[PDB]
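Asks: Dropping in upload.txt, with compact mmCIF, N, CA, C and O atoms and all ligand atoms.
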```
# COMPACT_ATOMS: atom_id res chain seq x y z
N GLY A 1 -16.90 -7.20 -11.03
CA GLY A 1 -16.49 -6.12 -11.91
C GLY A 1 -17.67 -5.32 -12.42
O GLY A 1 -18.39 -5.77 -13.31
N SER A 2 -17.87 -4.13 -11.86
CA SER A 2 -18.97 -3.26 -12.27
C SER A 2 -18.68 -2.61 -13.61
O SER A 2 -19.45 -2.73 -14.56
N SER A 3 -17.55 -1.91 -13.69
CA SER A 3 -17.16 -1.23 -14.92
C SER A 3 -16.78 -2.23 -16.00
O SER A 3 -16.04 -3.18 -15.76
N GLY A 4 -17.31 -2.02 -17.20
CA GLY A 4 -17.02 -2.92 -18.31
C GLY A 4 -15.54 -3.06 -18.57
O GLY A 4 -14.73 -2.33 -17.99
N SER A 5 -15.18 -4.00 -19.43
CA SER A 5 -13.77 -4.24 -19.76
C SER A 5 -13.62 -4.59 -21.24
O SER A 5 -14.35 -5.42 -21.78
N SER A 6 -12.65 -3.94 -21.89
CA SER A 6 -12.40 -4.18 -23.31
C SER A 6 -11.86 -5.59 -23.54
O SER A 6 -12.29 -6.29 -24.44
N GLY A 7 -10.90 -5.99 -22.70
CA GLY A 7 -10.31 -7.31 -22.83
C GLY A 7 -8.83 -7.25 -23.17
O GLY A 7 -8.36 -8.00 -24.02
N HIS A 8 -8.11 -6.37 -22.49
CA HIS A 8 -6.67 -6.22 -22.73
C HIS A 8 -5.96 -7.56 -22.58
O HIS A 8 -6.40 -8.45 -21.85
N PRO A 9 -4.82 -7.70 -23.28
CA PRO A 9 -4.02 -8.93 -23.25
C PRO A 9 -3.33 -9.13 -21.90
O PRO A 9 -2.89 -10.23 -21.58
N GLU A 10 -3.23 -8.05 -21.13
CA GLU A 10 -2.59 -8.11 -19.82
C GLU A 10 -3.30 -7.19 -18.83
O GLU A 10 -3.90 -6.19 -19.21
N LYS A 11 -3.22 -7.55 -17.55
CA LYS A 11 -3.85 -6.76 -16.50
C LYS A 11 -3.04 -6.82 -15.21
O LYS A 11 -2.11 -7.63 -15.08
N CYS A 12 -3.40 -5.98 -14.25
CA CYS A 12 -2.70 -5.93 -12.97
C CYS A 12 -3.50 -6.66 -11.89
O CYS A 12 -4.72 -6.50 -11.79
N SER A 13 -2.81 -7.46 -11.08
CA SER A 13 -3.46 -8.21 -10.01
C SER A 13 -3.72 -7.32 -8.80
O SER A 13 -4.63 -7.57 -8.02
N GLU A 14 -2.91 -6.27 -8.66
CA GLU A 14 -3.05 -5.34 -7.55
C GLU A 14 -4.26 -4.43 -7.75
O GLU A 14 -5.10 -4.29 -6.86
N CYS A 15 -4.34 -3.82 -8.93
CA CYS A 15 -5.44 -2.92 -9.25
C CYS A 15 -6.06 -3.28 -10.60
O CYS A 15 -5.62 -4.21 -11.26
N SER A 16 -7.08 -2.53 -10.99
CA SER A 16 -7.77 -2.77 -12.25
C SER A 16 -7.04 -2.06 -13.40
O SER A 16 -7.67 -1.55 -14.32
N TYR A 17 -5.72 -2.05 -13.34
CA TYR A 17 -4.91 -1.42 -14.37
C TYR A 17 -4.44 -2.43 -15.40
O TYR A 17 -3.74 -3.39 -15.08
N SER A 18 -4.83 -2.22 -16.65
CA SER A 18 -4.46 -3.12 -17.74
C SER A 18 -3.85 -2.34 -18.90
O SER A 18 -4.22 -1.19 -19.16
N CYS A 19 -2.93 -2.98 -19.61
CA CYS A 19 -2.27 -2.35 -20.75
C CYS A 19 -2.22 -3.30 -21.94
O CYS A 19 -2.46 -4.50 -21.81
N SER A 20 -1.90 -2.75 -23.11
CA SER A 20 -1.82 -3.55 -24.33
C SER A 20 -0.49 -4.29 -24.41
O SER A 20 -0.45 -5.51 -24.57
N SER A 21 0.60 -3.54 -24.31
CA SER A 21 1.94 -4.12 -24.37
C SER A 21 2.36 -4.67 -23.02
O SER A 21 2.38 -3.95 -22.02
N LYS A 22 2.69 -5.96 -22.99
CA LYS A 22 3.11 -6.61 -21.75
C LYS A 22 4.15 -5.77 -21.02
O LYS A 22 3.92 -5.35 -19.88
N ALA A 23 5.28 -5.53 -21.67
CA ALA A 23 6.35 -4.73 -21.08
C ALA A 23 5.79 -3.50 -20.38
O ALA A 23 6.23 -3.13 -19.29
N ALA A 24 4.82 -2.85 -21.02
CA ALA A 24 4.20 -1.66 -20.46
C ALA A 24 3.64 -1.93 -19.07
O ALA A 24 3.88 -1.16 -18.14
N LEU A 25 2.89 -3.01 -18.94
CA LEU A 25 2.29 -3.38 -17.66
C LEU A 25 3.34 -3.39 -16.55
O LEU A 25 3.18 -2.73 -15.53
N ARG A 26 4.42 -4.14 -16.77
CA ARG A 26 5.50 -4.22 -15.79
C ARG A 26 5.87 -2.84 -15.26
O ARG A 26 6.00 -2.64 -14.06
N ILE A 27 6.05 -1.90 -16.18
CA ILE A 27 6.41 -0.53 -15.81
C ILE A 27 5.38 0.07 -14.86
O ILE A 27 5.74 0.79 -13.92
N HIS A 28 4.11 -0.24 -15.10
CA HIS A 28 3.03 0.27 -14.26
C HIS A 28 3.15 -0.27 -12.83
O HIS A 28 2.94 0.45 -11.86
N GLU A 29 3.48 -1.56 -12.72
CA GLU A 29 3.62 -2.20 -11.42
C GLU A 29 4.43 -1.32 -10.47
O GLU A 29 4.22 -1.35 -9.26
N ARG A 30 5.35 -0.55 -11.03
CA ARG A 30 6.19 0.34 -10.23
C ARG A 30 5.35 1.19 -9.29
O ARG A 30 5.74 1.46 -8.15
N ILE A 31 4.18 1.61 -9.77
CA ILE A 31 3.28 2.43 -8.97
C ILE A 31 3.11 1.86 -7.57
O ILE A 31 2.92 2.61 -6.60
N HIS A 32 3.19 0.54 -7.45
CA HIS A 32 3.05 -0.12 -6.17
C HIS A 32 4.41 -0.26 -5.48
O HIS A 32 4.75 -1.33 -4.97
N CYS A 33 5.17 0.82 -5.46
CA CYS A 33 6.49 0.82 -4.84
C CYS A 33 6.46 1.57 -3.51
O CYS A 33 5.57 2.39 -3.26
N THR A 34 7.45 1.30 -2.66
CA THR A 34 7.53 1.95 -1.36
C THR A 34 8.99 2.11 -0.92
O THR A 34 9.81 1.22 -1.14
N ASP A 35 9.29 3.25 -0.31
CA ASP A 35 10.64 3.53 0.16
C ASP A 35 10.75 3.33 1.66
O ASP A 35 11.81 2.98 2.18
N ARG A 36 9.64 3.55 2.36
CA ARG A 36 9.61 3.40 3.81
C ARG A 36 9.40 1.94 4.20
O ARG A 36 8.40 1.31 3.84
N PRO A 37 10.36 1.38 4.95
CA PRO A 37 10.29 -0.01 5.41
C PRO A 37 9.21 -0.24 6.45
O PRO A 37 8.47 -1.22 6.40
N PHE A 38 9.11 0.69 7.40
CA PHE A 38 8.11 0.59 8.46
C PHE A 38 6.72 0.92 7.93
O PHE A 38 6.46 2.05 7.50
N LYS A 39 5.83 -0.06 7.96
CA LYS A 39 4.47 0.12 7.48
C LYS A 39 3.46 -0.23 8.57
O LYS A 39 3.72 -1.08 9.42
N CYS A 40 2.30 0.43 8.53
CA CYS A 40 1.25 0.18 9.51
C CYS A 40 0.43 -1.04 9.14
O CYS A 40 0.41 -1.46 7.98
N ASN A 41 -0.25 -1.62 10.12
CA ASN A 41 -1.07 -2.80 9.89
C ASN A 41 -2.55 -2.43 9.80
O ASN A 41 -3.32 -3.06 9.08
N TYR A 42 -2.94 -1.39 10.53
CA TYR A 42 -4.32 -0.93 10.53
C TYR A 42 -4.62 -0.12 9.27
O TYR A 42 -5.59 -0.40 8.55
N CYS A 43 -3.80 0.89 9.01
CA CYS A 43 -3.97 1.74 7.84
C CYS A 43 -2.76 1.65 6.92
O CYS A 43 -1.79 0.96 7.21
N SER A 44 -2.83 2.37 5.80
CA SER A 44 -1.74 2.37 4.83
C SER A 44 -0.73 3.47 5.15
O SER A 44 -0.27 4.19 4.26
N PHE A 45 -0.39 3.60 6.43
CA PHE A 45 0.56 4.62 6.87
C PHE A 45 1.97 4.05 6.92
O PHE A 45 2.25 3.11 7.67
N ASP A 46 2.87 4.62 6.13
CA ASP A 46 4.26 4.18 6.08
C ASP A 46 5.21 5.32 6.43
O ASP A 46 5.09 6.42 5.89
N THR A 47 6.14 5.05 7.33
CA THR A 47 7.11 6.05 7.75
C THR A 47 8.53 5.50 7.70
O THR A 47 8.76 4.31 7.94
N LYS A 48 9.49 6.37 7.40
CA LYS A 48 10.89 5.97 7.32
C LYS A 48 11.55 6.03 8.69
O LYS A 48 12.75 6.27 8.80
N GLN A 49 10.76 5.82 9.74
CA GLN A 49 11.27 5.86 11.10
C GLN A 49 10.51 4.88 11.99
O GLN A 49 9.29 4.70 11.87
N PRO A 50 11.23 4.22 12.91
CA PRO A 50 10.65 3.25 13.84
C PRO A 50 9.75 3.91 14.88
O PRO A 50 8.74 3.34 15.29
N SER A 51 10.13 5.11 15.30
CA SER A 51 9.36 5.85 16.30
C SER A 51 8.11 6.46 15.67
O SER A 51 7.02 6.42 16.26
N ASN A 52 8.26 7.03 14.48
CA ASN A 52 7.15 7.65 13.78
C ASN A 52 5.96 6.70 13.69
O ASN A 52 4.81 7.12 13.80
N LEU A 53 6.25 5.41 13.51
CA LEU A 53 5.20 4.40 13.41
C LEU A 53 4.64 4.07 14.79
O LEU A 53 3.43 4.01 14.98
N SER A 54 5.53 3.85 15.75
CA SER A 54 5.12 3.52 17.11
C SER A 54 4.10 4.52 17.63
O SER A 54 2.96 4.17 17.93
N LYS A 55 4.52 5.78 17.73
CA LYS A 55 3.64 6.84 18.21
C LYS A 55 2.38 6.93 17.37
O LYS A 55 1.30 7.25 17.87
N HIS A 56 2.51 6.63 16.08
CA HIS A 56 1.38 6.67 15.16
C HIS A 56 0.35 5.60 15.52
O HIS A 56 -0.85 5.82 15.40
N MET A 57 0.84 4.44 15.95
CA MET A 57 -0.04 3.34 16.32
C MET A 57 -1.08 3.79 17.34
O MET A 57 -2.27 3.49 17.20
N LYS A 58 -0.63 4.51 18.36
CA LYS A 58 -1.52 5.00 19.41
C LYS A 58 -2.16 6.33 19.00
O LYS A 58 -3.31 6.60 19.32
N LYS A 59 -1.39 7.15 18.29
CA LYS A 59 -1.88 8.44 17.83
C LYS A 59 -3.23 8.31 17.15
O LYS A 59 -4.15 9.09 17.40
N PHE A 60 -3.36 7.30 16.29
CA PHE A 60 -4.61 7.06 15.58
C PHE A 60 -5.32 5.83 16.12
O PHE A 60 -6.50 5.88 16.48
N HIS A 61 -4.60 4.71 16.18
CA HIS A 61 -5.16 3.46 16.68
C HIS A 61 -4.80 3.26 18.15
O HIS A 61 -4.20 2.25 18.51
N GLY A 62 -5.17 4.22 18.98
CA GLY A 62 -4.87 4.13 20.40
C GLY A 62 -6.11 3.84 21.23
O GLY A 62 -6.10 2.96 22.10
N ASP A 63 -7.18 4.59 20.97
CA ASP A 63 -8.43 4.41 21.70
C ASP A 63 -9.32 3.39 21.01
O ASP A 63 -10.54 3.57 20.92
N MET A 64 -8.71 2.31 20.52
CA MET A 64 -9.46 1.26 19.84
C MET A 64 -9.47 -0.02 20.67
O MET A 64 -8.59 -0.25 21.49
N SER A 65 -10.47 -0.86 20.44
CA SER A 65 -10.60 -2.12 21.16
C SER A 65 -9.74 -3.20 20.53
O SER A 65 -10.22 -4.00 19.72
N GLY A 66 -8.46 -3.23 20.89
CA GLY A 66 -7.55 -4.22 20.35
C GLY A 66 -7.35 -5.39 21.28
O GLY A 66 -7.91 -6.47 21.09
N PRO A 67 -6.53 -5.19 22.32
CA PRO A 67 -6.23 -6.23 23.31
C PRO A 67 -7.43 -6.55 24.20
O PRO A 67 -8.26 -5.68 24.47
N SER A 68 -7.51 -7.80 24.64
CA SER A 68 -8.62 -8.23 25.50
C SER A 68 -8.28 -8.02 26.97
O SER A 68 -8.53 -8.89 27.81
N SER A 69 -7.71 -6.86 27.28
CA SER A 69 -7.33 -6.53 28.65
C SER A 69 -7.51 -5.04 28.92
O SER A 69 -7.03 -4.20 28.16
N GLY A 70 -8.21 -4.72 30.00
CA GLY A 70 -8.45 -3.34 30.36
C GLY A 70 -9.91 -3.04 30.59
O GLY A 70 -10.23 -2.02 31.20
ZN ZN B 101 -1.72 -2.04 -10.46
ZN ZN B 102 -2.24 3.20 10.93
```
Mind turning the file's structure into structure tokens?
Ligand SMILES: [Zn+2]
Ligand SMILES: [Zn+2]
Replies:
Amino acid sequence: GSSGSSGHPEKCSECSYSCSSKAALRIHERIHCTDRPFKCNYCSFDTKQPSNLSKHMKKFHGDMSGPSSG
């Protein structure tokens, strides 16, 4: 932890987000919400379509050294 910290009674495990009122924190957690089921493994790319992700895999992560064949 580079940046100092006051010492809030509650904090977020996902990010360095902390609040005074517990209930408040929970509300913040919402920030880590997602509507698109299909998510990428390489990057944080999420699409509400099965094809959008497929083509995206190669679109960006296509000319990469993944499989040990070729
Ligand atoms: Zn957070
Ligand atoms: Zn990706």
Asks: Could you give me, as a PyMOL selection string, the residues within 7 Å of residue 37 (chain A), counting all atoms listed in the file and dropping anything in the same chain fewer than 5 positions from it?
Replies: chain A and resi 46-49
Asks: Please list as a list in words every residue within 8 Å of region 4-18 of chain A, counting all atoms listed in the file and excluding residues in the same chain fewer than 5 positions away.
Replies: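 Counting all atoms listed in the file, the residues come to residues 24, 25, 26, 28 and 29 of chain A.
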Asks: Mind pulling up the distance from atom O of residue 62 (chain A) to CA of residue 39 (chain A)?
Replies: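 According to the coordinates, CA of residue 39 (chain A) and atom O of residue 62 (chain A) are separated by 18.3 Å.
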Asks: Restricting the calculation to only N, CA, C and O atoms and all ligand atoms: of A:50, A:68, A:43, A:2, which residue gets closest to ligand ZN 102 (chain B)?
Replies: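 Distance minimum relative to ligand ZN 102 (chain B) lands on A:43.
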Asks: So what do you get for atom ZN of ligand ZN 102 (chain B) versus CA of residue 45 (chain A), distance-wise?
Replies: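 Going from atom ZN of ligand ZN 102 (chain B) over to CA of residue 45 (chain A) covers 5.1 Å.
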Asks: Could you tell me which of A:60, A:23, A:31, A:3 comes closest to ligand ZN 101 (chain B) if we count only C-alpha atoms and all ligand atoms?
Replies: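 Going through A:60, A:23, A:31, A:3 one by one, the smallest distance to ligand ZN 101 (chain B) is for A:31.
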Asks: Which chains and residue numbers are within 6 Å of ligand ZN 102 (chain B), counting all atoms listed in the file, if I want them as a list in words?
Replies: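 Protein and nucleic-acid residues within 6 Å of ligand ZN 102 (chain B): residues 40, 41, 42, 43, 44, 45, 56, 57 and 61 of chain A.
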Asks: Using atom ZN of ligand ZN 101 (chain B) and CA of residue 30 (chain A) as the two end points, give the distance in Å to one decimal.
Replies: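 Atom-to-atom, atom ZN of ligand ZN 101 (chain B) and CA of residue 30 (chain A) are spaced 8.3 Å apart.
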Asks: Can you list, as a list in words, every residue of chain A that DSSP puts in strand (DSSP E or B)?
Replies: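 For chain A, the strand (DSSP E or B) set is residues 10, 11, 18, 19, 38, 39, 46 and 47 of chain A.
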Asks: Taking the DSSP secondary structure from the backbone, can you list the residues of chain A that are helix (DSSP H, G or I), as a VMD selection string?
Replies: chain A and resid 22 to 32 50 to 61
Asks: How big is the axis-aligned box around all listed atoms of region 13-23 of chain A once 3 Å goes on each side, and where's its centre, in Å to one decimal, as lines of an AutoDock Vina configuration file?
Replies:
```
center_x = -0.7
center_y = -4.7
center_z = -15.7
size_x = 20.1
size_y = 13.0
size_z = 23.7
```
